[PDB]
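The structure appears right after this line, and notes come after that.
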Amino acid sequence: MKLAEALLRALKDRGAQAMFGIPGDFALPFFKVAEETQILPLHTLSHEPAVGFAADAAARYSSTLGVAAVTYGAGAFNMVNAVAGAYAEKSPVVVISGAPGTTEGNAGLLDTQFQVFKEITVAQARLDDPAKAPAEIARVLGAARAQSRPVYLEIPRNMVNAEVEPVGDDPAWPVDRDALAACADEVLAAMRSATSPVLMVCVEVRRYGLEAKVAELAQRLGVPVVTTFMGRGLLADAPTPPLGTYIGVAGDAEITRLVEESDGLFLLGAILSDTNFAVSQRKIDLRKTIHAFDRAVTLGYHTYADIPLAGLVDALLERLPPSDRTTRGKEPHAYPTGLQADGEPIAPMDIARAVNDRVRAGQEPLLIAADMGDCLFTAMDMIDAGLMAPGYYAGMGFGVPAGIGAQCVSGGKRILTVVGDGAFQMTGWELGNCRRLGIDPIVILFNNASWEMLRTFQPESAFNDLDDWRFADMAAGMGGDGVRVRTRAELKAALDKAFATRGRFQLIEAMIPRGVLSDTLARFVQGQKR
Amino acid sequence: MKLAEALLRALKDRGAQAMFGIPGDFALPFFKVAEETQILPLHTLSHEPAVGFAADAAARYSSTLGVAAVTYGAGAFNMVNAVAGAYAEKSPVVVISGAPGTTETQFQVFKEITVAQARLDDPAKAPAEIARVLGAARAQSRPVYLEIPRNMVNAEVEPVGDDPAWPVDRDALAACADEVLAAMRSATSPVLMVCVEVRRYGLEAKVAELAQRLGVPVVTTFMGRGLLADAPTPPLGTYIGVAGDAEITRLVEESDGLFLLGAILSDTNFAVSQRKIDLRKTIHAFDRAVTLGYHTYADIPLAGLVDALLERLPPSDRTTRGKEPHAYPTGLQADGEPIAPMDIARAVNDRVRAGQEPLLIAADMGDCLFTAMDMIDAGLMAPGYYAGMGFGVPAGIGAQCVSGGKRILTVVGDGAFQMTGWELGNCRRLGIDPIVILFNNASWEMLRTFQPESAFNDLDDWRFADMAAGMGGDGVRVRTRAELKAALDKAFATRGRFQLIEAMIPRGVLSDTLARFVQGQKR
Amino acid sequence: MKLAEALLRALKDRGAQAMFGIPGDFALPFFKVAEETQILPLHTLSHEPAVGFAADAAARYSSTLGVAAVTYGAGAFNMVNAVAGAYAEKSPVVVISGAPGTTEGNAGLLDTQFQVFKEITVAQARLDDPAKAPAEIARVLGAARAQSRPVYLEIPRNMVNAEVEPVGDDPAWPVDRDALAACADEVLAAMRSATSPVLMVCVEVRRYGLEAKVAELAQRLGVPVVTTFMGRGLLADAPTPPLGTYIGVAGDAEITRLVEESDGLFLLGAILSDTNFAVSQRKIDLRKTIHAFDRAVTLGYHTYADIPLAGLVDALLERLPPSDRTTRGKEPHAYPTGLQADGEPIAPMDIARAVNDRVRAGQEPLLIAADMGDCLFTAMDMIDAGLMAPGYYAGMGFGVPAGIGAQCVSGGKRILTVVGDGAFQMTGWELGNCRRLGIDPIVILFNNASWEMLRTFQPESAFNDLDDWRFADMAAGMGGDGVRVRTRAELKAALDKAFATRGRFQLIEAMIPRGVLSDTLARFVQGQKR
Amino acid sequence: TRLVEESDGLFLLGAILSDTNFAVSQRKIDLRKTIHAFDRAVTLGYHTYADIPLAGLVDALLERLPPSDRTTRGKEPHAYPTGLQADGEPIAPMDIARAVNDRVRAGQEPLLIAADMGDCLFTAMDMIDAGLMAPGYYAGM
Ligand SMILES: Cc1ncc(Cc2csc(CCOP(=O)(O)OP(=O)(O)O)c2C)c(N)n1
Ligand SMILES: Cc1ncc(Cc2csc(CCOP(=O)(O)OP(=O)(O)O)c2C)c(N)n1
Ligand SMILES: Cc1ncc(Cc2csc(CCOP(=O)(O)OP(=O)(O)O)c2C)c(N)n1
Ligand SMILES: [Mg+2]
Ligand SMILES: [Mg+2]
Ligand SMILES: [Mg+2]
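Residue numbers (the entry's author numbering), protein chains in the order written: chain B, 1 to 110, 119 to 538; chain A, 1 to 104, 120 to 538; chain B', 1 to 110, 119 to 538; chain A', 264 to 404. A prime marks a further copy of an entry chain.
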């Protein structure tokens, strides 16, 4: 078996679904075996940033390994940022970068590309030894899985075709029987002894597909359940569904206190930081806080190493007597609906109504891909079937690329994208690849003519005023159907159309005025004053 | 006086002509000063890469300092690429990243693509640090990194000093010069190659004087292209390896006393490769050093080395200007035939011969660059070594900003334009009207010429011309050579809006230069 | 200030006392600045192994940084083993290896030397940037101190003289106020709740010179105190002196049980392994065991990170009410004495008697340097003033070299060395450097004509039979006074002489017969049968 | 040394490249015109054939070259120092070489020589031997 093949098969053997990428000198031989073998569908994008962003999503979507293939040099570096956000958000993107042969020895910078990716991945390896390649691949791949984060793989070209033995399974990671038990023991003990124990569900839960067993726990535990942002959605159809989502300040002040004022706050697979919605360590009692994350548990200031979340859970159940309990009790949830189909100018919230109404009228929910900006804060109030945005990273550019990658693996489902003018100027052009990719995602451009999120924080500043890019009129070039709307009528009307029109990506240019924000973005700002 | 203010001033004194950037939370406080103090012009773009390329171009244009202002995280990262290629081609792009408050890793990455960094978290030190970093950027001509905590943009600081002098081993300088000169005189067929550093440190005059006194054959590199063309001893052409003229390539590579003055060594297409020359008999002066076979003199800035040699060579009136080191393709037959690269070159060269003034040209990667190589220009900016796409458009933009009125020409392939091409939407607010000739062959042709069998090099039809409108510019698509000639003419007559010329080119049609390149890889 | 100088001064500023080493092509320029500056005394040895072994001891002796200077290539690699044992035993040896200039670019193996030392040190760095050198040095040096283990420093020759700014202080390491407190709390709580809490004193205690405060703790704690091997000696003149030393099986079965059967076994700065005397994790209740080591505390299966032993102690006192208590109570200790000055053949134990008697007669105790083999197990029963041997490492070769390095910094004191024939054949020749070094250590060769320690475990094997190297007769060549003894008379007599004769190293070749072992080595073997 | 280094078609058959004293340095030759066959490979200017064990390469070339009787044995590629003047002068390396070489010339059979690092090696180089083992590249004592 050829080396490059042995790899792709491996990726496949692990639930891979595609391989996004852009070729270059050194990467052609590998794209060749990628194409000729036909192992993994080869989708190619216009700019490397979208390459990584799509891989990110194709990974988050199916909760499996994403695949970003780039060429040596500018190709890799031009994608660094996409991998960073993927890393930042436990999105296991397997990066592959063709490198010079092992007999061409000289670089161009005073390795380097390696040290940069060494910086944003969990494991890396230069496949320069056909003998060691197999296990090495198994290792690194085994890492992105164990840790759910990006990995780096360099393949010198004169090695893309070296015969190698097939790639086996992931190397078995460390797990101590006793250690674990002791951990659960202390964890459960800590919970039982708490006043207001609050169990939070986050990202690691959706990555290791553990929702299945955590629902069986949320029940046998008996404590209140809340989700973080990355956790939003989880346990929706579970016996003891979350009582809401935590996004901090801009959120339901009711949920807030419950979390920030607990003494049994069990952060399951949760992320920790001061990234907007993330659970800031500054806003909680570090004393009584069990923090399960990255195969480790830390509460009481001490830590339990090599403790896979799966195991922690599995052993927590072994100590919790089964329960037939259930806290559902009617009441769904109230989203902003009712659009004034009049000719009054659009506002972020109006759009929400727009989509929501369509849905309540009977429309199946489309998963949403949102870029960073006022489009994100507006997407929170929309009924979905999975949301997908850079909340804990704020990496503009995501939006469109992400939605694309999504619909590329959706196996039919359609993807909805929301993005502002400022971000569309960055990656909104990746739609030109929608024809070749055979997908028709619906996009809602939030053209407010400025970097509005930045203006709210420094309105005296002019530089945040942008030009009026006639996007709707540009959608024809990339082969789509564009439509700029000024009023709520042209808005509701256009959307309906979009769902009817398939085969071509639908781009609805929403004309919004500066100042006009979203309810959720409103609350967020008001909350930074006091 | 604020800190930001002090940096901006410190920046302007060293040549700064503008500031390209894109804000974010941490950047905001910094940008407020920027915008207000108006020390430097604050030009915003759309995507970080552009900002990086633009800033890079700006610097090169005025052989001065460039300035890219980003925000912490996604912002800074999404711009690493431009800074790298900058580092590669010795362009001092001063990177300014806003960052977290000091009371409230990117740093570890940048250290890998800048010859100097610093985090100004102490106002008492800020003044000197700024003066140290920029210093290097100037001394080594490479990108530097400055990371500012938003809670220090206003902190008062002693004015920024002057650059801190660098080690100049006066004795080695004199000893090298002797070895160097002797090494030359004593060689069968010695040759002088003028490269990148000669431009960056504005040493054209000197090297022009030396070129004559040293009395040896002259040649430029790819980045050395266009230097000493008005000197008594002009280059015999430009060496770019197998690609170009085989008489110059043979001379360069066969020399037994090669003097790479401020050049770059690298197996990287046009860069003077170590596998092509006889390094044993090479005198490579670079990064303030000089090598030559089991010997490297350190601390010898190029500039002083010239002076050294000049002090060791008697004056001369030896002038040897002949005819055309390189025949520029002309005579565009405006018939109905489809279009081809070399035709674009003629179309372009003819206007010039017709009397038009040669513009400076900015090129992205792809055949557009090889094509630009057969065009008459007044400067040529392109990633000839780094070879990274995207540079084209934003670089032409960036150039024209500080080109005080002069118009810039930009050649970009379809593949590349899809990455940065849209930055043209800023032309309007930016007060620019650059001309763009987009090579739409509907494919990543440069690669197809390496794997014509693969089908992924097949791109769809992007009606770029139809999109020019939406960016406040005029964009026309042409298929024949007749249409090509007419449209190019209109562009030049139309100023006020950027002009986009989407020239449709068949897959398989390559520039002459590129043709030669591929054929040389078959051998 | 020159780079190489800036460094040596740094070492000095940190308590350095010398710089052992062997030069080579690439290392000459650095030895030149080492010599010319005269900052640190430059002692040179015959073979690299002794270079590292002496540095090891010069470090352990004064409990400070040792200094091993070698040349690139064979020089470094030929010393790898010495550094390993130093690392293995928390001996902060600062290794310095001159490297090719930054403009000579090509190696000879398919970096490498760097990766090998990366493997046996705690921090490393290639000083190739005069600007960054200072802080870098401070860093690495700061590491060997914080972690008390070997560090690697590579100095390209064209950099030995680059002007640099002086080297500042060590970079401040992480320390969490809360975390710490929480740790002590749980630690003390764990202790108080124990039945037979046993506090052990080990290596880290002597390295960070903490004995001063630990004695103040051993008192305020109130629990039994025992020392490990590396810990042997500590708290001797303390209010609550150790009740004995723990060396496992071969030790006082009385001490053994107390340790292996505790539920409050506080291993202070202790090492953990199955290395002869070390506290094997296989022989203790991991459940109730506080393990303070490498700036971390682990008990109850969880761990407290970035917890410097100093701090742990300092905060433990803050929670223990001062005490005037004391458990001294006469009884010193009984060592094997009384030598039968008859003409009966020598046995390991006889020699012990020999030295001991001399001491009780009034001789000040000499610190001892013992190699691995039956000489070590015999040295345990000798009255000393500090013992120094590879107990937790078993790296033969140590002996002599070590003793030499010692007396090189002893500031006058004399050093005693014990070593078997088999090890003397490895490094016993380093005595030839005793004249130039101006020291006269007394050495006791245990020539049993074989690798006796190995023979006891496989007596049916012949290969353990060695030849009769006439060492005593070889001592003249290296410029010493050699004397082979066959009987206990020639033994007692020779020793007395040796203490009288100064200026020349004294080598007493003790003729012992195969089979004849040491009491302590006896007990050890008998203990491997059952 | 001049011939080797000036060659415009150098064929290092199973050699080692390295700037390491006696090892054939890359800075001394014209690598562009070098054919270095090593570690089961063959290089030559922007080209490296992999998987070509030396042995087979020879055979290859032999299959491409007609037989020959071209013999060119001359005299002493290297004059071995002899004639040890056994006077009372102190001793010197080259003398040891003569002492050694003379016994051989006197008829004694050349032995194989093993040398450590130091001048002893350079000295062994002027001695008549039946094999010479020494660390000429690694240079470790
Ligand atoms: C890669 C990168 N570069 C810059 C920034 C900085 C930023 C954070 S928010 C924002 C404004 C976004 O404008 P948009 O039209 O998309 O939506 P809206 O604000 O409602 O007008 C910027 C520029 C980030 N986060 N990432
Ligand atoms: C950031 C980056 N990613 C990939 C590549 C690799 C590449 C080198 S050449 C080429 C094809 C360019 O197509 P284009 O339309 O621009 O011009 P042409 O080939 O003549 O049709 C690619 C993808 C580079 N150099 N930089
Ligand atoms: C560097 C190294 N190489 C080999 C060995 C293996 C060994 C462990 S014990 C022993 C015998 C030592 O004989 P010695 O004369 O010194 O004393 P004695 O046993 O009483 O006769 C050997 C060879 C070790 N530990 N280290
Ligand atoms: Mg907007
Ligand atoms: Mg193209
Ligand atoms: Mg022995």
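Every residue, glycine too, gets a C-beta built ideally from N, C-alpha and C.
Worksheet item: For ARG494 of chain B', does the three-state DSSP call read helix, strand or coil?
Response: Within the third sequence, numbered from 1, the residue matching residue 494 of chain B' stands at position 486. In this structure, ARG494 of chain B' counts as coil in the three-state DSSP scheme.
Worksheet item: Since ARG366 of chain A is in the alpha helix (DSSP H), which residue starts that stretch and which ends it?
Response: Along the second sequence, read from residue 1 onward, the residue named residue 366 of chain A stands at position 351. Note, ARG366 of chain A: alpha helix (DSSP H), 356-368.
Worksheet item: Near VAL195 of chain B, which residues of its chain fall below 6 Å by C-beta distance, leaving aside the five closest residues on each side in sequence?
Response: Here residue 195 of chain B refers to the residue found at position 187 of the first sequence. In the same chain as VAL195 of chain B, and ignoring 5 residues on each side of it, the C-beta atoms closer than 6 Å to its own belong to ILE298, in chain order.
Worksheet item: Cβ-heavy atom distance between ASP429 of chain B and ligand 4 below 8 Å?
Response: Counted from its first residue, the first sequence places residue 429 of chain B at position 421. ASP429 of chain B Cβ: within cutoff of ligand 4.
Worksheet item: Comparing the CB of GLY73 of chain B with every heavy atom of ligand 2, is any distance shorter than 8 Å?
Response: By 1-based counting over the first sequence, the position of residue 73 of chain B is 73. Yes, ligand 2 has a heavy atom inside 8 Å of this Cβ.
Worksheet item: Who are the neighbours of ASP429 of chain B' on chain B, taking C-beta pairs under 8 Å?
Response: As a working note, residue 429 of chain B' is residue 421 in the third sequence. Simply none; closest approach about 44 Å.
Worksheet entry | Beta-carbon contacts of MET486 of chain A that lie in its chain and below 6 Å, excluding the five residues immediately before and after | Taking the second sequence and counting its residues from 1, the one referred to as residue 486 of chain A is at position 471. Closer than 6 Å at the Cβ level, and outside the excluded window around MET486 of chain A, lie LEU439, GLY440.
Practice prompt. Go ahead and pull the three-state DSSP assignment for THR311 of chain A.
Written response: Counting from one through the second sequence, the residue named residue 311 of chain A turns up at place 296. When DSSP states are grouped into helix, strand and coil, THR311 of chain A belongs to the strand group.
Worksheet item: Expressed to the nearest angstrom, what Euclidean distance is found between the alpha-carbon atoms of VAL124 of chain B' and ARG134 of chain B?
Response: As a first step, residue 124 of chain B' is located in the third sequence; it is residue number 116 there, counting from the start. As a first step, residue 134 of chain B is located in the first sequence; it is residue number 126 there, counting from the start. The straight-line gap from Cα to Cα measures roughly 19 Å.
Fill in: Other residues of its chain near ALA27 of chain B': CB distance less than 6 Å, five sequence neighbours each side excluded
Position 27 of the third sequence, counting from 1, holds the residue named residue 27 of chain B'. Contacts found: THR71, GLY98.
Discussion item. Closest to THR253 of chain B' by C-alpha separation, out of B':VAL231, B':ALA86, B':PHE285, B':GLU460, would be which residue?
Written reply: The count along the third sequence starts at 1 and reaches residue 253 of chain B' at position 245. Out of B':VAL231, B':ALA86, B':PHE285, B':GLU460, B':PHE285 has the C-alpha closest to the C-alpha of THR253 of chain B'.
Worksheet item: Contact between the stretch 316-325 of chain A and the stretch 184-202 of chain A: three or more CB pairs below 8 Å?
Response: Pairwise C-beta distances place the stretch 316-325 of chain A in contact with the stretch 184-202 of chain A, as three or more of them are shorter than 8 Å.
Worksheet item: chain B' partners of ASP186 of chain B, CB-CB under 9 Å?
Response: Counting from one through the first sequence, the residue named residue 186 of chain B turns up at place 178. For the C-beta of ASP186 of chain B, the chain B' residues within less than 9 Å are, from N- to C-terminus, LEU294, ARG295, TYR309.
Worksheet item: Would you say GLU171 of chain B' faces chain A, with C-beta separation under 9 Å as the test?
Response: By one-based count along the third sequence, residue 171 of chain B' stands at place 163. For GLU171 of chain B', the answer is yes, since a Cβ of chain A falls inside 9 Å of its Cβ.
Fill in: Close Cβ partners of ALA141 of chain B' (< 6 Å) along its chain, the five nearest in sequence each way excluded
Along the third sequence, one-based indexing puts residue 141 of chain B' at 133. Result list for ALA141 of chain B': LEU3, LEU135, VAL172, in chain order.
Worksheet item: Taking only beta-carbon atoms, is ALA278 of chain A' less than 9 Å away from chain B?
Response: Position 15 of the fourth sequence, counted from the first residue, corresponds to residue 278 of chain A'. It does not; no Cβ of chain B falls within 9 Å.
Item to complete: Report yes or no: is there a C-beta of chain A' within less than 9 Å of the C-beta of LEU28 of chain B'?
Response: Numbered from 1 along the third sequence, position 28 holds the residue referred to as residue 28 of chain B'. With respect to chain A', the C-beta atom of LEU28 of chain B' has no partner C-beta closer than 9 Å.
Worksheet item: Does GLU194 of chain B get closer than 9 Å to chain B' when you measure Cβ to Cβ?
Response: Along the first sequence, read from residue 1 onward, the residue named residue 194 of chain B stands at position 186. Chain B' contact via Cβ: present.
Discussion item. Please classify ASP473 of chain B' as buried or exposed, where buried requires at least 16 other C-beta atoms within 10 Å of its C-beta.
Written reply: Here residue 473 of chain B' refers to the residue found at position 465 of the third sequence. The C-beta of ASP473 of chain B' has fewer than 16 other C-beta atoms within 10 Å across all chains shown, which makes the residue exposed.
Discussion item. With the cut-off set at 9 Å, would you say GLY66 of chain A and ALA58 of chain A are in Cβ contact?
Written reply: On the second sequence, residue 66 of chain A is found 66 positions in, with the first residue counted as 1. On the second sequence, residue 58 of chain A is found 58 positions in, with the first residue counted as 1. Closer than 9 Å, so yes.
Worksheet entry | C-alpha gap between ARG422 of chain B' and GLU127 of chain A, whole angstroms | One-based indexing of the third sequence puts residue 422 of chain B' at position 414. One-based indexing of the second sequence puts residue 127 of chain A at position 112. If you draw a straight line from the Cα of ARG422 of chain B' to the Cα of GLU127 of chain A, it is about 53 Å long.
Discussion item. Shorter than 8 Å, the distance from the beta carbon of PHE432 of chain B' to the closest heavy atom of ligand 3, or not?
Written reply: For the purposes of this step, residue 432 of chain B' is identified with residue 424 of the third sequence, where counting begins at 1. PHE432 of chain B' has its CB nearer than 8 Å to a heavy atom of ligand 3.
Worksheet item: From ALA88 of chain B to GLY436 of chain A, what distance separates their C-alpha atoms?
Response: By 1-based counting over the first sequence, the position of residue 88 of chain B is 88. By 1-based counting over the second sequence, the position of residue 436 of chain A is 421. If you take the alpha carbons of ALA88 of chain B and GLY436 of chain A, they lie about 29 Å apart.
Worksheet item: So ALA362 of chain A packs on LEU347 of chain A, CB below 8 Å; how close in whole Å?
Response: The residue given as residue 362 of chain A occupies position 347 in the second sequence. The residue given as residue 347 of chain A occupies position 332 in the second sequence. Contact flag correct, Cβ pair sits at about 5 Å.
Worksheet item: Smallest Cα separation from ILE163 of chain A: which of A:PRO100, A:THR334, A:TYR61?
Response: In the second sequence, the residue the question calls residue 163 of chain A occupies position 148. Measuring from the Cα of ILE163 of chain A, the nearest candidate turns out to be A:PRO100.
Worksheet item: Which residues does DSSP pair with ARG134 of chain A in a beta bridge?
Response: Here residue 134 of chain A is taken as the residue at index 119 of the second sequence, counted from 1. Looking at the DSSP assignment, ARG134 of chain A forms a beta bridge with A:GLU162.
Discussion item. Here's a check: name, in chain order, each residue in its chain whose Cβ is nearer than 7 Å to the Cβ of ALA393 of chain A', leaving out the five neighbours to either side.
Written reply: Residue mapping note: residue 393 of chain A' aligns to position 130 of the fourth sequence, counting from 1. In the same chain as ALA393 of chain A', and ignoring 5 residues on each side of it, the C-beta atoms closer than 7 Å to its own belong to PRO373, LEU374, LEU375, in chain order.
Discussion item. Is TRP459 of chain B' near ligand 3 - that is, is its Cβ less than 8 Å away from at least one heavy atom of it?
Written reply: For the purposes of this step, residue 459 of chain B' is taken as residue 451 along the third sequence, with counting starting at 1. Judged by the Cβ position, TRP459 of chain B' qualifies as a neighbour of ligand 3 at the 8 Å threshold, a heavy atom of the ligand being closer than this.
Discussion item. Could you give the first and the last residue of the continuous alpha helix (DSSP H) run that contains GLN534 of chain A?
Written reply: Walking along the second sequence from the start, residue 534 of chain A turns up at place 519. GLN534 of chain A -> alpha helix (DSSP H) spans 527-537.
Item to complete: Say whether chain A' places a C-beta atom closer than 9 Å to the C-beta of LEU45 of chain B'.
Response: Walking along the third sequence from the start, residue 45 of chain B' turns up at place 45. Interface with chain A' (9 Å Cβ-Cβ cutoff): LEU45 of chain B' is excluded.
Worksheet item: Among the residues of its own chain, which have a CB less than 7 Å from the CB of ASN364 of chain B', if the five just before and after it don't count?
Response: Along the third sequence, one-based indexing puts residue 364 of chain B' at 356. The beta carbon of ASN364 of chain B' sits closer than 7 Å to the beta carbons of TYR343, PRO344, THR345, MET390, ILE391 from its chain, once the five residues preceding and following it are set aside; these are given in chain order.
Worksheet item: If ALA82 of chain B and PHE53 of chain B are in contact, beta carbons under 8 Å, what's the gap, nearest whole angstrom?
Response: Sequence index remark: in the first sequence, residue 82 of chain B carries index 82 (1-based). Sequence index remark: in the first sequence, residue 53 of chain B carries index 53 (1-based). Rounded to whole angstroms, the Cβ separation of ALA82 of chain B and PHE53 of chain B is 5 Å, and the two are in contact under 8 Å.
Worksheet entry | Unbroken stretches of the beta strand (DSSP E), 3 residues or longer, contained in the stretch 264-319 of chain A | DSSP runs (the beta strand (DSSP E)) wholly in the stretch 264-319 of chain A: 272-276, 297-301, 304-306, 311-313.
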